[PDB]
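Trainee: sequence and experimental coordinates follow.
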Amino acid sequence: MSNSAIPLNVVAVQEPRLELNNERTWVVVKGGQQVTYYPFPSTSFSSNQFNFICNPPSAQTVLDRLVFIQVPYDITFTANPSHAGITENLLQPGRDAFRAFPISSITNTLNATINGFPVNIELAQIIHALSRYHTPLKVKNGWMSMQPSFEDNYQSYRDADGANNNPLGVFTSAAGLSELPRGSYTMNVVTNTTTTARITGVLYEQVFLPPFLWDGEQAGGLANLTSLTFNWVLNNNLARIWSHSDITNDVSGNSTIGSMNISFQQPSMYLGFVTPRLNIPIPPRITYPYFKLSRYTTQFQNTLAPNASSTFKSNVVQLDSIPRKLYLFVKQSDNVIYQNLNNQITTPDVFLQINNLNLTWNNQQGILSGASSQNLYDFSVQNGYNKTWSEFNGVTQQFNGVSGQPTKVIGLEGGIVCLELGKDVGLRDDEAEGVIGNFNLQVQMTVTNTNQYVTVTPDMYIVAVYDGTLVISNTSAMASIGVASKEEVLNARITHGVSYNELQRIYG
Amino acid sequence: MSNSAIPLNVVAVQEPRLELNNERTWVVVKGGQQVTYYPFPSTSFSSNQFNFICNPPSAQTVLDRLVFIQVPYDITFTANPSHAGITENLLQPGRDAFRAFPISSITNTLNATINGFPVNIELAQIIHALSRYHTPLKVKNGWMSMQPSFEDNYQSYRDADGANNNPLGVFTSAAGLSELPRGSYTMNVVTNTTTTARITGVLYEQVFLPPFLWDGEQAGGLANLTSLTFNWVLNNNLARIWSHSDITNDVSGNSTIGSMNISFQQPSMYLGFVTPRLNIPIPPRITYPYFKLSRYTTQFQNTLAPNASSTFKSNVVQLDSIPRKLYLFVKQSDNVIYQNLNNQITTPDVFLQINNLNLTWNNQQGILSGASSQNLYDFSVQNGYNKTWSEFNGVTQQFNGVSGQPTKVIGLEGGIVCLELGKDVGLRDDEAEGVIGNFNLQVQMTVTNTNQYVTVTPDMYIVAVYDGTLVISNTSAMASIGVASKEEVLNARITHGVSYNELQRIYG
Amino acid sequence: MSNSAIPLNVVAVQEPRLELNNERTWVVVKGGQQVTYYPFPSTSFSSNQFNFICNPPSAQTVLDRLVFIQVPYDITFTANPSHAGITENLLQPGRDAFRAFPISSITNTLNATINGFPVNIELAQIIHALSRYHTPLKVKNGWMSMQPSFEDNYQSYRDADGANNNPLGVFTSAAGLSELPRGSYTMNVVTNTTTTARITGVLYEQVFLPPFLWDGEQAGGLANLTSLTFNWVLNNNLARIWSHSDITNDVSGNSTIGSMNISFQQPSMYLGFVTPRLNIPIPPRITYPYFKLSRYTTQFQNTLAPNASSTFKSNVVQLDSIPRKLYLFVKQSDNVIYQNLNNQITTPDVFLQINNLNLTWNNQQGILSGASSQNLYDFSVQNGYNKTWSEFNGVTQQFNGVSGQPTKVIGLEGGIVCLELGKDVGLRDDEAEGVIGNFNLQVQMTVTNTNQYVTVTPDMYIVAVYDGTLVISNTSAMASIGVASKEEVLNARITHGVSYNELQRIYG
Amino acid sequence: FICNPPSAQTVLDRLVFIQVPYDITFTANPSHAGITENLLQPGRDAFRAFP
């Protein structure tokens, strides 16, 4: 073992088939009596907003972390003059089902308040970008399963048809043990005929936003609470619920659908209070890890079309502590596409293809000054991108064998680049993930439009996410955002106790 | 770090791109010399039952856990009178296959014995429930691979044709890197015509039993046995092996296929016997974990069709130990569907969707009642259920273009629950999962038949599993269940050292 | 206690739902300042060979391990007389793509000298068999996604279309969240008509060989080089880079395609150097792991068609030391398939099916003699083979319903049996996977041809990874095999601390 | 009907009932036909109890 260059300690291991002797230990798994599910109905729900107020039955019963809300709906579509003619029923087999995920993609903001202190997300904007990280296949089949979940891979629905991974298709055509397309999801059709269609059935969505979870892995649930309350509020159009594919759109211009009407009925909310065993006691005061996500958008001009390039820069945005990570991407601008039921229904949620990023921390100019666009797709994947290199930089050259119509090109969805802040960006001496505060950040990346058909006005985004502890001791909830001392983030002993692979799990 | 509401300890770990220093030892992996595999041919195989006896090469051998049996078969179908025609070829491309898993669904029971003490899980029924449960896609493409294993997901084959996820499809049409359909299994067809078919082949099955694992993890193999012996008994019906879609049959319940005859030849099992290094000694008395499964059933003789709901009580059952975990699924009941070749060959293995399951403990009444079928699906995907929410509570719409024939619904698959008691049942203090004191349960559950065409008569199953240690020593095998004493569950010190996500991989 | 003498220890773990006390420690993640990536364009790249010279900035700046090289390319074709004609575009919708992975398959060898001492791995023949091995579904969509990736299942491209997993096909037809067929990759198509076609893109390639990677699973990167240099040499033929399917070509028959010219444009590597922070200091000399990939090959004069079997009887190859792993397969021979192009493009890379393997490793002289050909597959899969058993030993029955054309069999690739040395082959006591000695092995295996059309002329392969540590201390790089000694290997005390799946990860 | 108690300090009285407005259309099959009496008959027609 020694005798080669440096000497090294020697150790031996056992091929797994035979331990055989090692100390065997019998382990009993304790769990407090009375795990029960209590469904609260909504107090004071409205078309554009819902409200709940749920009290854990008693102080000292731990409430688990996964929660969700089921909301029954309805819809009616109507044929409009004068799309040149309509033959056949408005809804088609492979043409249309919900956007993914339907309820939250309409939500403006979701605020929840716990033990008297409020904690909010901004759901409408974050989710599609947040959704690609970092669901392994196993976990897209996990809890994700409840709402429709197939992310829109295609840059314009029209071209999707008629394909095997067409994002909105019938349950058949899914290949065995995979993600089923959005059109698989079930609901009644009261009636469906030319000139009119009515449809109805109850659909679930998970509450997102920390400390509530939506992933593989469980964790210790909040207790001891005295209050809770979950206020939604949904942005005003409500046409973004449904999807469409423009193949069926009339040749000159117009659509079959305009216009549509959406309901909701009282929606319940499902949570689970687990009281614990008398003998084992639970601390008087206790601390949970809580993240806190923010968005910053900046629209740019002029629009680029049909597939040309340009550059964009952002004004300096100053933050209060290094965020855990920072997402970036360039979406088709919202100010456009909120015209018309038609546009809102037809258009997909995919980004524009980043051909190079250059960003700058205060006092460092040109981080990743000349990093391969492709090399950006290298990390993450490292933080969990989970979609082939072809999705990233999406354009697929597909050719046809006949004389002599030229071969058509498909836009395939741009990328969303995420750099973990301490690890990938690089960071000065005596600074760390939750230290405070006040550094400036400015990012100038360049984008190519890929989408063939439409002239796309663009827009940039940034997302931050902050590491933060939150102590909740009944009755109150002080949550601090700078939890590490500058002089104690320098000179902390290192440790090979925990592998950095382990931290990859605890996420939000 | 401190300066929080509570002071917390600090440690620093580095990003993985540079460790870079630590004490990195070299490591020799030393497992015993002389591995080998024998092919024991079965003395006294008949048409009803197979039976082998296998003794280890000698003392000082550790038999490895993975065991499997291979068995050359032969089948002749014959066209029946007088559905004719009958035009075209008996057997079609994506209409016929084996049923998955074949030689396991036919066999009644599989008793083996170690050192004189007989362990034995009866196979029929149980396999179909367990198969779905613990396997993910990485495991499925491992050993599980040998037998046909694309488990049925269409309420009836009739509609199944011909989507890219048809359970009995040809190997072409299964996406790359997914579960392939049952018609991909090599069998060589000496002839296929109208009025005649004959197929020769050999097929592998994985002995399923408590001691053996059938999943990829490998753990110490049974040392140190002197004798071993297997025993399979096949049900006399034996036509259950083949599966065959409805579509071709007609005009009215006339199926082409009736009736075939199946023979077998000379089945042989394979065991792998390692012998450990002479230097390193193995203890004279070892203790393995040993799980014991046993299914209780009550069939009620009522019918419901095609989509009505109702409810039934499973009926009292007394027990001495609380099981580790318990499954509960209402399936289509076999007293019907065994008469006629017709029913026997074409009816798929799926179960009925559940609306609400409500269990009652001993004197509890009780319990877990108020949990939406939606919430019932949360646990488990937590112990690994591996299907979407779509397949569970399975019934899905399909849209229909052209005017004005109505859109048609498609039944998908049944939902099969499972709740490890301590984790999901809730339990009175002093009662770990696997002690011994007297208590009894009954389970009542509402259910709906979702399949579209046949009157289906239900029944129930409750499959419990008990934990205990089986101590193998030379020469004998004591088995103990309820190894903990009731006083001992109180006053057992909690260890943070072990974690719960580990115990999911120790199953089971 | 107790109750299972020998009585065992009892520890009680908590439910995952509730802890709720244990040491919550805030973990400051820290990695040194200023990561940066720089693209190294080659000077003296030529169409036949190309080579880059790229040192790190200084000593004491850790160099990352994943490196990759992108190469812009230009290809034109010409219509081949006298199959003509010949209607339709040369290229076809799903009859043509890149062979995967392209750059490596065409390149004869590749040498990357570290800190002055050269390390090289013939790349042309090794990669195809090593590829199938260590890649899960997660990783296939991870880094490796960058080049065309989808591997060959069918034995003759001719048959496969139109199949949902036919390896060359447009993006549509590929189901969601899976390995996509090689057609979907990008290439600007400038002109395509009968009698010509011109195409150009920029295609990526990971550099392969140790210490670089690969499966990430990122690890401690190389520090501290002073110089680093890469050369590739590319086989003269160069036509091997394209694919094609036999279906298009004429009956006799001539191929529609011959001939074609390929070029390159500046092609450039990409590698990023972190630099460490002032607080934490990195050692003067550090030791990495490192493996080498030998290849030994022997070919036989006897041919066998269309689907008959025989045996060999491999030439004795003598091995320098016990090697970590061995892969041994029988492929179609390289002597043929380098003449006349048509076959050279048409032929796929799949192996032949193994019926019995029996090899004389260490005076045992019978090894795996009587182990069922199925059994090898399973034991190998314990090493990650990631392909369903059906495809290993590939031959598949597919029948039809038209009276009365005979059913046809498809050839489906063979397997590549691999056997880790301590775990599978067994070793005389006193032998470990590192230890230097002098022994030689001679394989002896039967093989059956499966593909229906061509007369295969077979040949053997045997690949092995040696194990040893390499120590980089500027400016030096002594590498050593056989680091542990024989007196040392025996007597080495075994740990229970580290386990075995850990030793599964550090593969390279 | 998902309804919430007003204060949770107010006892809820035990008798509860619902009311459903409803609408039926009858029509005659041919044959039996015909038929010459009103499709609803003075003494031969009612709701089943309790409907």
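Mentor: That came through fine. Numbering: from 1, shown residues only, chains lettered A, B, ... in the order given.
Trainee: mind jotting down where the strands sit in the stretch 101-250 of chain A?
Mentor: Applying DSSP state E, counting those that start in this stretch to the stretch 101-250 of chain A gives strands spanning A:107-114, A:117-121, A:188-193, A:196-200, A:203-206, A:228-234.
Trainee: name the strands paired with the fifth one and say parallel or antiparallel.
Mentor: Taking DSSP bridges as the criterion, strand A:203-206 sits next to strand A:68-71 (antiparallel) in its sheet.
Trainee: how about the last one?
Mentor: Based on DSSP bridges, the pairing partners of strand A:228-234 within the sheet are strand A:51-53 (antiparallel), strand A:107-114 (antiparallel).
Trainee: single out the most deeply packed of these.
Mentor: Stretch with highest mean neighbour count among the strands paired with strand A:228-234: strand A:107-114 (a mean of 18; mean count of other Cβ atoms under 10 Å in any protein chain shown). The C-beta positions use only the backbone N, C-alpha and C, and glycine is treated the same way.
Trainee: now the angle between strand A:117-121 and that one, please.
Mentor: Strand A:107-114 runs at 150 degrees relative to strand A:117-121, counting by axes from the mean of the first three to the mean of the last three Cα atoms, to 10 degrees.
Trainee: what's the local residue count around residue A:481?
Mentor: Other residues near residue A:481 come to 16 when the count uses other Cβ atoms under 10 Å in any protein chain shown.
Trainee: that one is in contact with residue A:321, isn't it?
Mentor: Yes - the criterion here is Cβ atoms under 8 Å, and residue A:481 meets it with residue A:321 at 6.3 Å.
Trainee: find the residues that touch each one of those two.
Mentor: Residues touching both residue A:481 and residue A:321 (Cβ atoms under 8 Å, 6 or more residues apart in numbering or on different chains) are A:434, A:436, A:466.
Trainee: now do the contacts for the closest residue in space to residue A:28 that isn't next to it in sequence.
Mentor: Computed as Cβ to Cβ, 6 or more residues apart in numbering or on different chains, the closest residue to residue A:28 that is not its neighbour in sequence is residue B:432, at 3.8 Å. Neighbour list for residue B:432: A:28-30, B:422, B:484, B:489, C:12 [criterion: Cβ under 8 Å, 6+ apart].
Trainee: for PyMOL, write the select line for the buried members of the residues you listed.
Mentor: Listed next is the PyMOL selection for buried residues among the contacts of residue B:432, using 16 or more other Cβ atoms under 10 Å in any protein chain shown:
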select buried, (chain A and resi 28+29+30) or (chain B and resi 422+484+489) or (chain C and resi 12)
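Trainee: quick one: which of the contacts of residue B:432 sit in helices?
Mentor: residue B:489 (DSSP state H).
Trainee: now, among the contacts of residue B:432, which is nearest to residue B:316?
Mentor: Among the contacts of residue B:432, residue B:422 lies closest to residue B:316 (Cβ to Cβ), at 22.5 Å.
Trainee: any chance you could map the strands in the stretch 251-400 of chain A?
Mentor: A:261-264, A:269-274, A:286-289, A:292-298, A:309-311, A:317-318, A:325-330, A:353-356, A:359-361, A:395-397.
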